[PDB]
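Here is the structure we will look at.
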Amino acid sequence: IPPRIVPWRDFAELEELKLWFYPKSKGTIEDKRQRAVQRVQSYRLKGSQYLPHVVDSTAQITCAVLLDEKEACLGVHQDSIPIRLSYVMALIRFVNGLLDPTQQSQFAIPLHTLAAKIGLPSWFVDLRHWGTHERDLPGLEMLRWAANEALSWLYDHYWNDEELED
Amino acid sequence: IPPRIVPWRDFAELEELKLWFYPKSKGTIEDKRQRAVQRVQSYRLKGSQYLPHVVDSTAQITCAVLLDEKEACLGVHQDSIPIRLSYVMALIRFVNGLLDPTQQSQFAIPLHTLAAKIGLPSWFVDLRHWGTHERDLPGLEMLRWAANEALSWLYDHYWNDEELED
Amino acid sequence: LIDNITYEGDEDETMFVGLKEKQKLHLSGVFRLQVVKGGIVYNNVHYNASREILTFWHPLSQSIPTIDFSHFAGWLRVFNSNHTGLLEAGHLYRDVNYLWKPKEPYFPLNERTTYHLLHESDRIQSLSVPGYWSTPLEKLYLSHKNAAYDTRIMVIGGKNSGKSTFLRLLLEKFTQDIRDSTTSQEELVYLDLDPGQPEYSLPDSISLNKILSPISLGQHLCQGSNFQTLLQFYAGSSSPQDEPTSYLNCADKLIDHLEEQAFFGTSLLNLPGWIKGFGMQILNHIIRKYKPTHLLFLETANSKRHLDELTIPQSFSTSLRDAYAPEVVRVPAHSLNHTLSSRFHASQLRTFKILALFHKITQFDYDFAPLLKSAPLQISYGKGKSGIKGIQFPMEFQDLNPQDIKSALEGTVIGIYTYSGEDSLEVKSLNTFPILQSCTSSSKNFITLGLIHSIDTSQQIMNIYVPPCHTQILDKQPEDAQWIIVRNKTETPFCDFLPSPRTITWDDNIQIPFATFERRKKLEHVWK
Amino acid sequence: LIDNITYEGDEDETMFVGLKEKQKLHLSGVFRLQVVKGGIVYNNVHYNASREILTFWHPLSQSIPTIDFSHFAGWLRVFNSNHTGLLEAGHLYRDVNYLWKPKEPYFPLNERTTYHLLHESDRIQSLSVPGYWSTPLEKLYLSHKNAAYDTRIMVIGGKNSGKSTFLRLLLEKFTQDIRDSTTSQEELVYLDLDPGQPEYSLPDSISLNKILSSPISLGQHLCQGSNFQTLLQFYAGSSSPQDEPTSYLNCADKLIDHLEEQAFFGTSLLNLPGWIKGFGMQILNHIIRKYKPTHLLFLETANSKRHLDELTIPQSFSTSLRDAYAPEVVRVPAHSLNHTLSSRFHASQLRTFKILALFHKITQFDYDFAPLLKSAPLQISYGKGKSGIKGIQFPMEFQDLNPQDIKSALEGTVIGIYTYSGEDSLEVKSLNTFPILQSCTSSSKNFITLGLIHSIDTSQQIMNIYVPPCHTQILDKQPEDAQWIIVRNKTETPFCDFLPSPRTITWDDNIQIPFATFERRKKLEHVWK
């Protein structure tokens, strides 16, 4: 087994990210997802080619989820479209980095059965063209639902699943 | 010449929209570029089937451009991950709405040919993948210069031209 | 087959039909039957008729169930509809002119007749009940009477699956059974949860409805007046995808009304298809909530691969403490056999329902002159307020310029609401438009749709169109009641927004807003 | 067809060649030849036998040109170049092990020879010179002497089209004309604005650098040649300009002006990044009016050329200078090489070799390819004032990089060292004792060398760091009062340097390797590519 370069200084750092992204039974004052996002921001700084896609997507979806939480005076110019703009790339980049890489080739297994193989439910295949090709952006509620479903999916399949096959 | 439903009441309400979108003023009272987006946002209320995509995208790109211009201890200077996502959304939807409707123009013709027909720069075609099929989002200034280019192209080829063929 | 004799007059142009041996009768349109002798078989059911009137609705949108003759014993009939201005619906909206009658039939057209014979020449689809499709349904009826408990049915299937026909058949034969059974008070309740294809509900709406003689069948495009609406909510869109949990919240509120009234007996509901997409997640909560005694699936060669995990994961054993049962069956059915549209797209048919709603004087009367001719009954919105106290917008359009609001509302279909339970008004004022702030307001009553004509800020009033059928439900309502406007994405019909010559001459000086006549500039194409 | 004159020549493995033989000479490696009698032809260029030494770099990455014989009249020759450690890079980087020698050569390989003979047996091919490129090239010969004025050539062509080879051919063509013309003091000034496949510049960098007429070097030395002296350089920090376009253009604008600062008159060269399909149609338009190209060239032809037609015409101007008052356009084929452009040597595979060879470049021509971890990194005290480092620069993003996570971000990353020139005032924000440029800008700084951060001690406020030993002691020549800036940009540290093979370096087993893990990657953590 050849060593791979990983941004984190230790596996304990990855456990700490796991705890940070998904708070245990408390999210009021101990939310601590802004700082986990700031950590993955450094992971991007060291090298983006080093960072696994699942960690990148967990950070990016959480970026958008923390983005939509702004309810303080004075009233901001934002008309709630930037949040809807942000979720669409968060989720599309998420679903694309699971299907496309390692490795897209001239012979490619169809996307739906790729999702079935990796365990991704087949409704995630659709949100690639759900946002980019549809005329109007999806409702903020539907995007919120998709993001909170995707984060749970990553927790179930990568963060808290110890399959080492790849 | 069948009648068309359009959200604006008359030409004098769309003529001022063009002036608002391209004021040539940096700031203060003369700049009314937020108001143009707040008005296209009301156009989406009655629509969005009457609102042309050339105006929907002019408003989305401008909303993102206004989004990254926050300079008072708030907004973007704290974290600049939302802006890249918003530019990617605005530019991808702008490209898609013209290049790939598959209704107005003949189907199966390659995208570069349609970009030649409508006069779109050839590099706007590659703006589709841009942030969707690559590991890392494009650089922040690379996005700004492309958003400004798209707005200039829209102003030159739609808000000015006297062609009524379509 | 040789056509029967024709009896003109005195009214309704009633026709008498005689078929040698057993023949499939093809009749299209709205018509009433009073079968003196013999047995009628409409889709392998028995309708023995003795001086009872049976109203039939046979649009060309769906495959018309042919009327079969059976013993015993035979060998006014097909009398005209009580509805007056439904057919002239082709005049206003010219994409629906052939819904009741074919285009170029091998019969002379008549303005008096609202029914038309179809002697296989029009090549239209009249495919009858499949045998294979009958067996799974026949099993539910052997379980309808010996269940000894309330029976709740769900049916699952996307567009083009044939879900609506299956529920219709269930409805007619259930209502035949309850009439046969004496004395049965188990009045079945239809719980329309499908804003995509309304049945028994207002456009872009969700409705729990009581289903009650006279006989009506089978597909009446929500115009049947064979049902009484117990409760309704305004989803405001043709797809729950736009507001998933809001639609789920409305469905939860509607289903809970069933236990609120403590109803026991037959009850049905159709969920939106959602065979492929977020439907896997959307159905896992409503199956859990409604406690369905019979699940039904129609995907077959759709294919069925997408909608598979729901039956195992979402079943959760039996939700009901008393029913303690579940059913999981699959059937193969692609109806109709021909193209699903049948020259009637779902979006094309959806416009007809709105148009007919806005033009109905009452259940049995229709007047399809443009509402621009009709007076727009007005309401005063104030800061008090008396009448309209709040205006609601979808969440993403919650930061909007006060100046543009006046232009946004006019010419848009809206939902009128009553505050119902007494609480704080909680409304924000923008250019004298009381925009409802923070949304919420869970406790509301949805009355009807409305089409806003104009707004007078100085007089603080709104000239607004409501269907004449509801009047005077709006008037028969307490004066101090608070009234709310919810403008969600409901599409106003184009032929109704601006009329044309040969309908209204208009005036030369008058300039029509929101409509332009100049040829569209290049690149003004709307994204589709 | 038979090998001849395999002379041992004791140390350096010198050998002689038969000249009048009808078989063209083909040779590969880093060598140097001194011809005794008779004319030689390297890429349709004639070199006399006037006992002058010529260094030759013949990597297998590019198609290797043959050496022809020509009258008159013939029949130390070829011998090892003074590069001791360059050939052993294969011991450190496994991929580049075959850069100078073929895999199976059908020839007795000798470890003591930097040059190897190849005769039609190996998979490689010799490009020679295409006839199609010949005519415009020999015409552009005639526009040097007869011009009697400054002739600046700007050449555009996409990756794998072969702009580098044409520009090389042009460069030796001008250098030969300089040597044999008296008095010709118009030494070439190359202008590498391409960080993707850079020649004559630092990794992920941009450079305006003078080209020395002597000693003779042909043709492609993978930036390891000694024939160029750097006048000015800037750290783009990215493999592609598209990451920082406006910065890149600014980095370009500062280079061109330097050429007027020297009041340079004579031939100058330039290669832009290809960008045949994409943003490029605009980027060139910024400096086509700025560079004043007297001889603009195009290469793509059947690329197709559908993209570089409308922009080049809009960019072209009738007269952008009083003296030149002209512009030229020419199109030539792009097929180079005939075989696959990669030739088992991808651009990303060769950029890594260049970065690796930089950090192991001891002196002008001596390389020590032992892993960096054996070498002792040097230290600078970044502080509050400070004297060691005044500020650390990051791209526009990553600005909320919180103070307690900065340190582990820096370690193991290639950086660009900068000196801050005459300062009106300092601009620094201190986060966990790390000085960071909050507003960026600061255009007055000048780039010195790349660096690889090894470790950071927050207590002592020191910064262990590796710099190429070639630059040392250029860092020491700088005044002590001069401020230092550490710029982080997306430059990929070589994998072998970051963690060497266990055979190369033996560590204590208890010592933990911080930024690397040995566990099998969990399903499914895969890097998006």
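Protein sequences, first through last, are from chains A, B, C and D.
Under my numbering, the first residue of the first sequence carries the number 422, and numbering increases by one thereafter.
Under my numbering, the first residue of the second sequence carries the number 422, and numbering increases by one thereafter.
Under my numbering, the first residue of the third sequence carries the number 415, and numbering increases by one thereafter.
Under my numbering, the first residue of the fourth sequence carries the number 2, and numbering increases by one thereafter.
Every residue, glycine too, gets a C-beta built ideally from N, C-alpha and C.
Asked                                                                                                                          : Found
Segment limits, beta strand (DSSP E) that includes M568 (chain C)                                                              : 566–569
Proximity test, Cβ basis, 9 Å: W941 (chain C) and chain A                                                                      : yes
Touching by the beta-carbon criterion (3+ pairs, under 8 Å), the stretch 626–641 of chain C and the stretch 582–596 of chain C : yes
Inter-residue Cα distance where the pair is residue 1026 (chain C) and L602 (chain C)                                          : Nothing in the structure corresponds to residue 1026 (chain C), since chain C is present only between 415 and 942.
Neighbour list for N465 (chain D) in chain A, Cβ cutoff strictly below 8 Å                                                     : Neighbours of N465 (chain D) on chain A: none; closest Cβ ~16 Å, over 8 Å.
Terminal residues of the beta strand (DSSP E) in which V455 (chain C) lies                                                     : 453–456
Cβ-based contacts, 7 Å cut-off: residues of the stretch 511–538 of chain B near chain C                                        : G518, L519, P522, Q524, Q525
The alpha helix (DSSP H) enclosing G496 (chain A), as first and last residue numbers                                           : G496 (chain A) -> no alpha helix (DSSP H), and no H or E assigned at all.
Collapsed DSSP secondary structure at residue 588 (chain A) in the structure displayed                                         : Here chain A comprises residues numbered 422 to 587, so residue 588 (chain A) is not present and cannot be evaluated.
C-beta atoms of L20 (chain D) and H120 (chain D) nearer than 9 Å                                                               : no
N-terminal and C-terminal residue of the beta strand (DSSP E) that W101 (chain D) is part of                                   : Where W101 (chain D) is concerned, there is no enclosing beta strand (DSSP E), given that its DSSP letter is neither H nor E.
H117 (chain D) - DSSP class collapsed to helix/strand/coil                                                                     : strand
Reduced DSSP category for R719 (chain C) - H, G, I as helix; E, B as strand; rest coil                                         : coil
Near-chain A residues of the stretch 683–709 of chain C - C-beta to any C-beta below 9 Å                                       : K690, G691, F692, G693, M694, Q695
Rounded separation between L791 (chain C) and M876 (chain C) - CA only                                                         : 9 Å
DSSP bridge partner residues for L668 (chain C) (one or two, in chain order)                                                   : None, per the DSSP bridge assignment.
Three-state secondary structure assigned by DSSP to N623 (chain C)                                                             : strand
Classification of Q646 (chain C) by the beta-carbon crowding that lies within 10 angstroms, buried from 16 upward              : buried
Minimum Cβ-Cβ distance from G448 (chain A) to chain C less than 9 Å                                                            : no
3 or more residues per run - each beta strand (DSSP E) lying fully within the stretch 603–667 of chain C                       : 603–606, 620–625, 629–632, 641–647
Terminal residues of the beta strand (DSSP E) in which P848 (chain C) lies                                                     : 847–850
is_contact[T553 (chain A), chain B] using C-beta, thresh 9 Å                                                                   : yes
Contact list for the stretch 483–501 of chain B against chain A, Cβ threshold 9 Å                                              : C484, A485, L487, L488, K491, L495, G496, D500
Coil, strand or helix - residue 1005 (chain C) by DSSP                                                                         : Here chain C comprises residues numbered 415 to 942, so residue 1005 (chain C) is not present and cannot be evaluated.
Residues in the stretch 660–679 of chain C having any Cβ partner in chain A nearer than 8 Å                                    : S660
Inter-residue spacing [alpha-carbon to alpha-carbon] between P137 (chain D) and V333 (chain D)                                 : 8 Å
Beta-carbon proximity check, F445 (chain C) vs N494 (chain C), cutoff 9 Å                                                      : yes
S681 (chain C) versus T565 (chain C) - alpha carbon distance                                                                   : 6 Å
Every unbroken alpha helix (DSSP H) within the stretch 452–477 of chain A, with a cutoff of 4 residues, ordered by chain       : 455–467
Chain C contacts from the stretch 559–574 of chain B (Cβ-Cβ distance under 8 Å)                                                : none
Contact set for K438 (chain C): own chain, Cβ-Cβ below 8 Å, skip 5 residues either direction                                   : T480, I481, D482, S540, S542
Listed by chain order, chain C residues near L472 (chain B) by CB distance under 8 Å                                           : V940
Per-residue burial, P473 (chain A) [other beta carbons within 10 Å of its own, 16 or more giving buried]                       : buried
Per-residue DSSP class, three states only, for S501 (chain A)                                                                  : coil
Beta-bridge pairing of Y879 (chain C) - partner residues as DSSP gives them                                                    : C:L865
Chain C contact for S507 (chain B) (CB, 9 Å cutoff)                                                                            : no
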